[PDB]
Amino acid sequence: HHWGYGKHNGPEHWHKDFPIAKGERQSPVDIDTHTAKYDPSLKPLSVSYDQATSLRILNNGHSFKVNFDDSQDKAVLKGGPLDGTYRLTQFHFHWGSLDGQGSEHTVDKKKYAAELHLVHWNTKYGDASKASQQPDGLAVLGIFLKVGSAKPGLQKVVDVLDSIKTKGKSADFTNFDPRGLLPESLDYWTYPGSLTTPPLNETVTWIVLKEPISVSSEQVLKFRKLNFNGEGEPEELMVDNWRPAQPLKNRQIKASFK
Ligand code: NA
Ligand code: NA
Ligand code: NA
Ligand SMILES: [Zn+2]
């Protein structure tokens, strides 16, 4: 009886195995754009992805994930709310059964069709496992997806999904450039939060970009052909793999822009 997104194992059940699910710094949250305070001292955000080296893509039964070779000082996030340097290790997505839902964060209660999470670890902790345990160990760059015009840089991802349809499948996935997934603006909101999947560790600085990327209906439809199940099991489409907004509790969301 593994955690998932269904009626009997979904987000409302997670707290039994992972009591931190009811903690003080859980993610995602609704971003109240009127309450968020512009912070004129945030340093400029620096997203330096030109030497990123992708390795493999996987269906883990909960999302699809592209892992990067993070053994060297390449693809890094710094500045903004962050102290030091955070190294990209993987990205994955959350998406809906319909275009009107799928994101984890919301903006004034608005749900986007999907959300991209680029996950980075603080290099002061040596690798991602140790970093994942520290209160300032991880930084996730979150990017909303809306349905409209195609995102050309997503197409190479979309086209490999047929090869990882079911849980447990993986494939080599080299030379993917995550710069092709970024919007024009780096305007963002930031707050202290958690992983949005078990174990829900409260170790993430969230940086959520204001500007969504547009992807086509056809691109997101291909996400929805993935399966939660393993090969040979009854087909359950991988859709609505998003955790809803959690209580903000005492937290402040800061804006990088006026
Ligand atoms: Na990792
Ligand atoms: Na853009
Ligand atoms: Na769900
Ligand atoms: Zn995620």
Side-chain angles (χ1 to χ4, degrees), residues 5 11 26-36 38 42 45 47 49 62-66 77 80-81 88 90-120 138-155 157-158 161 176-197 204-224 226 238-246 248 251 253-258:
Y5 293 93
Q26 291 288 294
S27 297
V29 300
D30 181 56
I31 300 165
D32 180 328
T33 68
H34 295 100
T35 300
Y38 168 64
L42 286 166
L45 191 70
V47 185
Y49 286 173
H62 309 293
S63 184
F64 70 86
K65 177 183 298 181
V66 173
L77 183 66
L88 177 65
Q90 53 106 333
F91 69 74
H92 63 274
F93 295 80
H94 306 269
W95 63 90
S97 54
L98 298 171
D99 292 351
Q101 65 200 56
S103 68
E104 295 204 314
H105 294 87
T106 57
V107 179
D108 297 330
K109 301 297 179 102
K110 178 186 169 73
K111 292 167 165 163
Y112 287 88
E115 189 171 328
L116 166 59
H117 291 163
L118 293 134
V119 181
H120 312 74
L138 301 177
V140 184
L141 182 59
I143 302 180
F144 296 120
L145 280 60
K146 66 181 287 198
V147 171
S149 67
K151 191 69 165 162
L154 184 58
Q155 194 61 31
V157 170
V158 166
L161 298 180
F176 180 77
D177 191 343
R179 292 177 296 182
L181 299 177
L182 307 179
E184 287 175 10
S185 178
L186 294 177
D187 285 348
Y188 65 84
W189 300 281
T190 185
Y191 75 97
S194 74
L195 298 177
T196 70
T197 51
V204 178
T205 300
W206 278 93
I207 299 166
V208 177
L209 299 188
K210 176 168 160 182
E211 193 180 3
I213 60 168
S214 293
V215 305
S216 64
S217 185
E218 295 88 340
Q219 292 178 316
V220 73
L221 282 164
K222 289 176 169 171
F223 288 13
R224 300 185 188 127
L226 291 168
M238 183 180 286
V239 296
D240 294 317
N241 59 344
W242 49 278
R243 191 191 193 191
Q246 301 301 304
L248 191 58
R251 291 174 291 176
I253 303 182
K254 295 175 191 177
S256 76
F257 62 92
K258 322 182 215 163

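In what follows, every heavy atom counts, from backbone to side chain, and hydrogens, waters and symmetry copies are set aside. This chain uses plain numbering: 1 for the first residue, then up along the sequence.
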What pairs with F64 under ring-ring contact (aromatic ring centres under 6.0 Å, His included), at least two apart in sequence or on another chain? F93, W95, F223
According to ring-ring contact (aromatic ring centres under 6.0 Å, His included), who are the partners of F176, at least two apart in sequence or on a separate chain? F91, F173
When the ring planes of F144 and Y112 are compared, do they come out parallel, tilted or perpendicular, using 30° and 60° as the limits? parallel
If a pair satisfies salt bridge (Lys or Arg N to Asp or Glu O under 4.0 Å) and one of its residues is in residues 214-223, list it, with sequence neighbours excluded. none
Taking side chain to side chain donor-acceptor pair (under 3.5 Å) as the definition, give me every residue that meets it alongside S256, ordered by chain and number, with sequence neighbours left out. none
Taking only residues two or more places apart in sequence, or in another chain, which ones meet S217 in a side chain to side chain contact (heavy atoms under 4.5 Å, CB included)? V147, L221
For the side-chain hydrogen bond (donor to acceptor under 3.5 Å, both in side chains) test, which of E104, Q26, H94 pairs with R243? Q26
Atom NZ of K151: over 12 foreign heavy atoms under 6.0 Å: yes
For a 4.5 angstrom cut-off between non-hydrogen side-chain atoms, does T33 reach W189? yes
Sorted by chain and residue number, the side chain to side chain donor-acceptor pair (under 3.5 Å) partners of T190 (sequence neighbours excluded) come out as none
With a 4.5 Å limit on heavy-atom distance, are the side chains of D30 and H105 in contact? no
Quick one: does any side-chain atom of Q101 pair with a main-chain N or O of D99 as donor and acceptor, under 3.5 Å? no
Side-chain (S216) to main-chain (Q219) donor-acceptor, under 3.5 angstrom: yes
